[PDB]
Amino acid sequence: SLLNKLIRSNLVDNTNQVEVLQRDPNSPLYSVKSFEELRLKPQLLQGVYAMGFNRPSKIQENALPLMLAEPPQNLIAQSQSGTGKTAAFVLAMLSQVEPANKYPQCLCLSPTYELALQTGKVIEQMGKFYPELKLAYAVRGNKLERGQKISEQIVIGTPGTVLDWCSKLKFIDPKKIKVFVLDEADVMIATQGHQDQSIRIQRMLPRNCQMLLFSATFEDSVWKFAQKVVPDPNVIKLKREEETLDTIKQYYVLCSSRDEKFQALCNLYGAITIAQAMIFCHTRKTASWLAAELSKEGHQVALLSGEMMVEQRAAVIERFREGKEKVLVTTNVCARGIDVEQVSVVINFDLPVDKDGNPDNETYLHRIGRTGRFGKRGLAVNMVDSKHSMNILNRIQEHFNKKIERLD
């Protein structure tokens, strides 16, 4: 019985909430034209409606004409958290595949295991009205009898495994790729992200390959780099005022230590478990420590980090997906792209700093973006442990120019 128990206020939100948003010009879900006015193929329109999609979001309306335009043109595009970019590029991929040809024509790169899995599902479900459309997972969990070529028309994978499939394993002839999609593009091409493997895969593609880059964020230099690595691109860039959702409200709690952050969250756990929530940490060790501390305080809790094996990672993410786990202590491995409808609270138990210790503005926006997705109303609570930490948050605040409330 407290203010943050007003998660329950969002537990059962309004009758035509999303529809009203898709009629507001100031909404990034805004729709001035129907799906049939985008002139998608019939099987791809059936796939769309089959998912319960009613109206295209801003990014979908604007990107698909640019991506389906003939002859093909590359695209570097930005749209906010939970605005439907996956459906945007999946429709792009499916729209250029010729199912008769039993080899990889369309390749998609995600930064992490779980995002590949998640996106793979959307691809299968979106193209389901092509009986012969098949999807191959170039992900860590997977191993095929060596010496073969995969006969699936669409590959989704993570940078390393795809690189091996396209090189020493010879599973995919990369020269036959028509559409190349980099999801969460900005981290896929940034030096501290997957630049090396990403570019080394790109180099293996044919000259006539359409290239599509999507993300909610494009750091200043990354935007300039993407322009030089992607030939002749159409560009969708946001103004920075547009980058934060009105639908995700941002808080912070002031503390003096890690023990004090543990106690706060302890007191708030009853509220967090009403629906579902995510807690981010700066490192794997703190993730694991937090998990053991919550668990020893008697709270059921889920852990997910990169040191876990894929079997365990796949296990947890599915359990969380089904609401069998209600809280997931995690690292930046889940900062991006993950889409779980019920996650109504995101907690930065550690504030997102970069390698050097600088405020990670991009990661912050992706992290808080795991709540309040496609029109749902969400909540992001920041745990501040020091004065230095308070500064990090204040610099983020005026990066985005979006003030963050204090919580008692």
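The first residue of the sequence shown is number 1, and the count goes up from there.
Undergrad: With reference to the PDB entry, specify whether the mean Cα temperature factor is higher for 161 to 169 or for 138 to 146.
TA: Going by the record's values, the stretch with the higher mean is 138 to 146.
Undergrad: Could you settle it for me: does 369 to 377 or 42 to 50 have the higher average Cα B factor in the PDB entry?
TA: If you average the C-alpha B-factors of 369 to 377 and of 42 to 50, the larger mean comes out for 369 to 377.
Undergrad: Among the candidates 112, 86, 217, 300, give the one with the maximum CA B-factor reported in the record.
TA: By C-alpha B-factor in the record, 300 ranks first.
Undergrad: Based on the PDB record, which member of 267, 119, 332, 81 exhibits the highest Cα temperature factor?
TA: Reading the PDB entry, the winner on C-alpha B-factor is 267.
Undergrad: Among the chain's modelled residues, which third holds the C-alpha B-factor of residue 32?
TA: Answer is middle: the recorded C-alpha B-factor places it there.
Undergrad: For the chain shown, is the CA B-factor of residue 323 in the lowest, middle or highest third of its modelled residues?
TA: Tercile = highest for this residue's CA B-factor.
Undergrad: Per the entry's values, where does residue 280 land by CA temperature factor relative to the rest of its chain, in the lowest, middle or highest third?
TA: Ranked within chain, residue 280 CA B lands in the middle tercile.
Undergrad: Split the chain's modelled residues into thirds by Cα B-factor; is residue 345 in the lowest, middle or highest one?
TA: Middle third of the chain for residue 345's C-alpha B-factor.
Undergrad: Relative to the other modelled residues in the chain, which third contains the C-alpha temperature factor of residue 180: lowest, middle or highest?
TA: Its C-alpha B-factor, which the entry lists for residue 180, ranks in the middle third among residues of this chain.
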